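The numbers here are math on the coordinates, done by the rules we state, and not lab data. All Cβ positions, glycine included, derive from the backbone under ideal geometry; neighbour counts span all protein chains shown.
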Amino acid sequence: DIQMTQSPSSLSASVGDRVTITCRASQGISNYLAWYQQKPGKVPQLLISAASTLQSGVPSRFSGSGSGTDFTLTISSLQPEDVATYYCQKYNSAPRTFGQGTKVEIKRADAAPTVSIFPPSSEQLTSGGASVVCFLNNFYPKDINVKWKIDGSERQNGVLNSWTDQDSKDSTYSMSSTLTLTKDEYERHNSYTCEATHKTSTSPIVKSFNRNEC
Amino acid sequence: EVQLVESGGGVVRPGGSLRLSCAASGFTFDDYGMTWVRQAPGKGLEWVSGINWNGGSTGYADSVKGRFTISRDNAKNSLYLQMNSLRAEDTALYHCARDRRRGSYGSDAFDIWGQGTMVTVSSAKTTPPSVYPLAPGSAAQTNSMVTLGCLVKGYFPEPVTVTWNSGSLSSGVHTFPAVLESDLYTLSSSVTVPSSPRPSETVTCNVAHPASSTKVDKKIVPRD
Amino acid sequence: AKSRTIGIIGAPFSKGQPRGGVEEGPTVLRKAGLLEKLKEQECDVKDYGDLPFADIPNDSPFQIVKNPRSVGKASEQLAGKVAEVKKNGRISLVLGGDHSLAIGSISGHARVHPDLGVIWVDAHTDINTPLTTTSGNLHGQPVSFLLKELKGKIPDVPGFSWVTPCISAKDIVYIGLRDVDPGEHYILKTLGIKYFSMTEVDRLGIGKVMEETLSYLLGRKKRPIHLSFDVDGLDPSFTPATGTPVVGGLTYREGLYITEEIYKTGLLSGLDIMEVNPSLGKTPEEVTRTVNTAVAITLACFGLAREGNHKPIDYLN
Ligand SMILES: [Mn+2]
């Protein structure tokens, strides 16, 4: 087929400085490239029709260019109301395959997550399971890898991912380290820990609790 | 005025079949070349297939090639897409899009879009959730600033609505998007930002599951 | 040989038509094995590949002429490519497409051989001017941009500023006309264009029709021939999957005879197979029949005679 590759799989430049997404294709499509914008939770609106073409109503910041195999999309100024995911259509006869997308976001005061861990619910303690959730809130950037500890030993099959896309107001991120266990596994141990890993806190922030202490 | 109203299925567990629809209105239908695209929730888009003003140059993506077929009824303004032998990776929200200009001349982009027909494919039935949360907030574990969160476990299909204090509290409300279980259900969460000295906080974790039309309100007040 | 030294040019273009679908003309004509079938007879086929037509997003009608810039630039690109394949001493087999591409296919061919004679096989005259047209399509107006006698009757259409009219009125022969608008017929009779409508074919027999065609073009002086075939020229029973089929037209045998007599002159120097529209076949068999007929016509233009062909070797060994 024709494989389309957004060059930045995600970027965050600034309110201000320009942004340039690249959509190098596989075989020359020769000026058949549409750039989209989704603004998650809505319907993708089209921005650029044939590699420049600035569709009507689109602000003149977007100045996509290129022809042949590789293209770009240069947002002159980001203007955070443009924070969205941009695609790359390749509209000709009928592969018409889009690109991966390009998460575009901004920065703010880069901050440390507020890590907090919670024991399983006693209402679940009547059900036959254990759910220990570590919530990490309001941090920048995206990068944290979270570790769970059996009183010092590694865990598998329980580390569950739950990301949040950027907040609208404070433009912040959030992770919940979901962990689900069984009753036999729950009553064996008490000190359940969740291990943060963030650029702000050079030290991994690790917090635990005692069983039925809460 | 150029509404592309989408209809069709949304819950098929096996490798069964569906037939979606897109009741177009506002434009002369037998002129534009309609298509179908999918988008797995929170993922990139994928062109499913497309057709002409007439039907007859139906091209399909090389992932639904032998499985899906598009028909079209110009006299009745629909955009039927027959899905067959669903492979359970086709669990995306299916859009119908128009052709952006007049002729269905082959190469054209997608100007106007519908939205919806969240097809899920899945082995279990539409089931009420199992809201099984606790939070010792605000106990004196390690912080004076302990958040307050819920967990919604075992509900299907998407989506659900979780409101806090009957929707009044919005500060720090981070409703994490639902995550598929290994148990073929979906897992979500949501948090607030309470502190220790906030006694006037009777938190009602109002989870609603309109898919099964079931509502679970797990009251939360800081305790021992 | 100097004949059947083909240079194939795709032209997956349909914007010169109403709501189209002929742009998958090259795709089907090739997937039906045209190159693979042109290589059995001693043909030096070189595939110059489907032309990449750049997109014109904002392209508004001129007065009534739909999307003129797209057609004008597509035909300029095709004319450049055809001049390229004629400077190689080849036979520009432009398989399209729609006759909106004939402007390019003949203007490019005339850049090299200025004295070509065009044999236009179409049920239609395709001679409307942008003023006398009624549908405002450009598939119906490719000859009017080529005739020297229509200068001044052709407005400065956007995108056709490069078009210098190349053929005279006395260098084009229509064969198979059976659907002619009043304006097209006035232009046809005023310019004195030699045409063999369906009536003249019935009166004379296709044999006498082709004899008169070739004695009219190649009579005064031997010149290159640009057979600009149009599959609606053949009867709809043989080419149903075309844009505007008109009933009661050239039979399969008559089309093959036209192409065979053109080939046997050895002066064929350009060929267009236009208006194959696989989206208008009611059934896939109709599309298959149209494409097989177009392929058979194309092959017969390049030596494939019905009496049978043999390589110059001693087969009784
Ligand atoms: Mn014709």
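For segment C:118-133, filtered to residues that are more than 14 Å from residue C:169 (Cα to Cα), among the β-branched types (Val, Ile, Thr) and within 16 Å of the ligand (Cβ to nearest atom), the residue that is farthest from the other protein chains (Cβ to nearest Cβ) is C:121. Once segment B:184-196 is narrowed to residues that are touching a strand residue (DSSP E or B) at 6+ places or on another chain (Cβ under 7 Å) and part of a loop (DSSP other than H, G, I, E, B), the residue that is farthest from residue A:118 (Cα to Cα) is B:185. Those strands (runs of 3 or more DSSP E) of segment C:158-250 in which at least 3 residues are of a type in the set (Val, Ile, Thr) and buried (at least 16 other Cβ atoms within 10 Å of the Cβ), considering only elements entirely within it, cover C:172-175.
Which ones in segment C:233-242 are more than 14 Å from the chain's Cα centre (by Cα) and within 16 Å of the ligand (Cβ to nearest atom)? Correct list: C:235, C:236, C:238, C:239, C:240, C:241.
Considering (1) within 13 Å of chain A (Cβ to nearest Cβ); (2) buried (at least 18 other Cβ atoms within 10 Å of the Cβ); (3) not charged (D, E, K, R), the lone condition that residue B:63 does not fulfil carries the number (2). Looking at B:132, B:155, just one residue is closer than 24 Å to residue A:180 by Cα and touching a helix residue (DSSP H, G or I) at 6+ places or on another chain (Cβ under 8 Å), and that residue is B:132. Give the residues of segment C:175-222 that are under 17 Å from residue C:117 (Cβ atoms) and of a type in the set (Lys, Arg), sorted by residue number. C:194, C:220, C:221, C:222, listed by residue number.
Looking across segment C:192-231, just one residue is within 14 Å of the ligand (Cβ to nearest atom) and touching a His at 6+ places or on another chain (Cβ under 7 Å), and that is C:230. Looking at the structure I just gave you, is residue B:81 closer than 12 Å to residue B:38 by Cβ, within 14 Å of another protein chain (Cβ to nearest Cβ) and within 20 Å of the chain's Cα centre (by Cα)? No; evaluated as a whole, the condition is false for this residue.
Sub-7 Å Cβ pairs linking a first residue in segment A:78-96 that is more than 7 Å from chain B (Cβ to nearest Cβ) to a second residue that is acidic (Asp, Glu) and not in a loop (DSSP other than H, G, I, E, B), at least 6 apart or interchain, are A:83/A:105, ordered by first then second residue. Checking the structure you have, find out if any residue of segment C:177-189 is out of contact with any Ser or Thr (no Cβ under 6 Å at 6 or more places or on another chain) and closer than 23 Å to residue C:278 by Cα. Scanning segment C:177-189 turns up at least one residue that is out of contact with any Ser or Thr (no Cβ under 6 Å at 6 or more places or on another chain) and closer than 23 Å to residue C:278 by Cα.
The combined condition, being within 14 Å of chain B (Cβ to nearest Cβ), within 28 Å of residue C:25 (Cα to Cα), in a loop (DSSP other than H, G, I, E, B) and within 16 Å of the ligand (Cβ to nearest atom), is fulfilled by residue C:137. For segment B:87-99, does any single residue satisfy the condition of being crowded, with 23+ Cβ neighbours inside 10 Å, within 16 Å of the chain's Cα centre (by Cα), farther than 17 Å from residue B:30 by Cα and more than 9 Å from chain A (Cβ to nearest Cβ)? Checked segment B:87-99: at least one residue is crowded, with 23+ Cβ neighbours inside 10 Å, within 16 Å of the chain's Cα centre (by Cα), farther than 17 Å from residue B:30 by Cα and more than 9 Å from chain A (Cβ to nearest Cβ). If the condition is being buried (at least 23 other Cβ atoms within 10 Å of the Cβ) and in contact with a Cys (Cβ under 6 Å, 6 or more places away or on another chain), then segment B:135-172 contributes only B:150.
Consider segment A:115-135 and keep the residues that are hydroxyl-bearing (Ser, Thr, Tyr) and at the interface with chain B (Cβ under 7 Å from one of its Cβ atoms). The one that is surrounded by the fewest Cβ atoms within 10 Å (Cβ to Cβ) is A:122. Which strands (runs of 3 or more DSSP E) sit wholly inside segment B:53-166 and have at least 2 residues that are within 30 Å of residue B:207 (Cβ to Cβ)? Result: B:93-97, B:148-155, B:161-164.
Residues checked against (1) within 30 Å of residue B:28 (Cα to Cα); (2) touching a strand residue (DSSP E or B) at 6+ places or on another chain (Cβ under 7 Å):
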position: C:9; (1), (2): no, yes
position: C:38; (1), (2): no, yes
position: C:49; (1), (2): no, yes
position: C:64; (1), (2): yes, no
position: C:84; (1), (2): no, no
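Per the conditions (1) in contact with a strand residue (DSSP E or B) (Cβ under 8 Å, 6 or more places away or on another chain); (2) closer than 25 Å to residue A:41 by Cα, the sole criterion not satisfied by residue B:88 is (1). For segment C:75-117, the tally of residues that are outside any helix (DSSP H, G or I), away from the ligand (no atom under 14 Å from the Cβ) and of a type outside the set (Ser, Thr, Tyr) stands at 12. Of the candidates C:258, C:262, C:297, C:273, the single residue that is in contact with a strand residue (DSSP E or B) (Cβ under 7 Å, 6 or more places away or on another chain), more than 16 Å from the ligand (Cβ to nearest atom), among the hydrophobic types (A, V, I, L, M, F, W, C) and not in a loop (DSSP other than H, G, I, E, B) is C:262.
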